[PDB]
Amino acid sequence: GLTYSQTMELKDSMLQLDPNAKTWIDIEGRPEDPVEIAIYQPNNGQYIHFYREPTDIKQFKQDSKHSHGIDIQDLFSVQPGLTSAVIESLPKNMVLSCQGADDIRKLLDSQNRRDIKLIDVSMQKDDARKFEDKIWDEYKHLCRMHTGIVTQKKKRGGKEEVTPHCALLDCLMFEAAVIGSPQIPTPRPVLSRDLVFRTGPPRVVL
């Protein structure tokens, strides 16, 4: 769970959110077992983005091969408890936009945030990712967790490799698709890296 100072820091960082501004949300993993969450306000650029270790390792391994490409080893060092803490601190009656609402609706309801409203933009699968390449080009540095090769079924037979799905870059490219250009205000993380990850190994003296 979060320490006391960390909970305060999280609640304070989150108060940077405009409670009435357009806000995207996207998650990777099952709603009962999410592993990556992003909440992003395009008009000011602010985003909340963090990770979570899965409880069902065998579903995680299928999901990793087939949407997000995250290695279970890279999640060992993430801070626990962030998912329920962030969701509890979201402004009351916030209205969030998403591409495909069914899973996020279950996650929010499971956390007793039925007051949060979802707008499902529900773009066609290809249209939603029109700017995928451009968004990864410009913003790949914002998330390094997607290291595995990802393959997905083709609706007409067989499988194909796709770019891994990242909850943060999905928000960014969905906004780009809505406005018709990758011209968005610069995205800026609201959460400190030390809140997202536990203290890692010391730097190596070179």
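Note that residue numbering begins at 1 and tracks the sequence as displayed.
Undergrad: In a third or more of the other entries compared, is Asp63 missing its coordinates?
TA: Modelled in all the others, so no.
Undergrad: I'd like to know whether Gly148, which is modelled here, goes unmodelled in a third or more of the other compared entries that cover its flanking residues.
TA: It is not, since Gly148 is included in all of the other entries that model both flanking stretches.
Undergrad: Pick between 70 to 78 and 113 to 121: the one whose mean CA B-factor in the entry is higher.
TA: Mean B over CA atoms: larger for 70 to 78.
Undergrad: Which is higher on mean Cα B factor in this entry, 138 to 146 or 163 to 171?
TA: The entry gives the higher C-alpha B-factor average to 138 to 146.
Undergrad: Please pick out which of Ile184, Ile25, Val190, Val196 has the largest Cα B-factor as recorded in the entry.
TA: Going by the entry's C-alpha B-factors, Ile184 comes out highest.
Undergrad: If you rank the chain by CA B-factor, which third does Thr151 end up in: lowest, middle or highest?
TA: As the PDB entry reports it, the C-alpha B-factor of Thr151 lands in the middle third of its chain.
Undergrad: C-alpha B factor of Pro42, ranked within the chain: lowest, middle or highest third?
TA: Bottom third by C-alpha B-factor.
Undergrad: Going by the CA temperature factor in the PDB record, which third of the chain does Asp126 belong to: lowest, middle or highest?
TA: Its C-alpha B-factor belongs to the highest third of this chain's values.
Undergrad: Where does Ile179 sit by CA temperature factor within its chain: lowest, middle or highest third?
TA: For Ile179, the deposited C-alpha B-factor lands in the highest third.
Undergrad: Can you work out whether the C-alpha temperature factor of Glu88 puts it in the lowest, middle or highest third of the chain?
TA: Middle third of the chain for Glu88's C-alpha B-factor.
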